[PDB]
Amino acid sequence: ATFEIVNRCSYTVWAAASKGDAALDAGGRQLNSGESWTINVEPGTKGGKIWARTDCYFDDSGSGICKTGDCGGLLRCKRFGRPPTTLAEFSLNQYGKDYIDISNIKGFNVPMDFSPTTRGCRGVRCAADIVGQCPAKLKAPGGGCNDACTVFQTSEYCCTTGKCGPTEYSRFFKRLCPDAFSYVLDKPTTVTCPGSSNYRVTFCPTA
């Protein structure tokens, strides 16, 4: 499947793509404002994620640090990134269907639209000013708005027992972005697309 990753933000981001134990395609790249990066994701990929990283510094070896979404100090990510990270999530060719969603379960750093470029399903978006409105206790100094599990490490926020409800913190994310997961057991906002669809992820879709 082809994913086109587009940075419409006015600032540089470092895109990342991983399935947790491996990079997808090159795994990461710098995207200046307006740049597009096309990657190929193998059919059948389960549990892939795409995210943006902000305020990164990398040397010529591809090693460094980012203030949001850092994946072990690498430009080319092999593992998932450190919160806060708005997440585009997908599992492809699962019994004939693709499944896509956006998630705030690991916080929010950059607004995003995640849409098919082929026919047969709708896209999803979280483009509200979550960072600007973020509750004081969830604000991340490096930038972004953390989720409550990352901050407080309780069974209720992390849903550790498999039983948990919405919270004051999850409802904040849900109020601003109803179409994104706000906690582990949120009513699913997953979109079902035809198997082998292609996609575009746009950072800062309105801004």
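A residue's number is simply how far along the shown sequence it sits, counting from 1.
- Note on 89-97 vs 102-110: mean CA B-factor is higher in 89-97.
- Stretches 60-68 and 25-33 differ in mean C-alpha B factor, with the higher average recorded for 60-68.
- If you compare the C-alpha temperature factors of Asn146, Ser182, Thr167, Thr161 in the entry, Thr161 comes out highest.
- For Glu156, the recorded CA temperature factor ranks within the lowest third of the chain's modelled residues.
- Remark: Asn198 belongs to the middle third of its chain, ranked by C-alpha B-factor as recorded.
- Annotation for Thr2: CA B-factor lies in the middle third of the chain's modelled residues.
- Annotation for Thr54: C-alpha temperature factor in the lowest third relative to the rest of the modelled chain, per the entry.
- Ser18 sits in the middle third of its chain by CA B factor, as recorded in the PDB entry.
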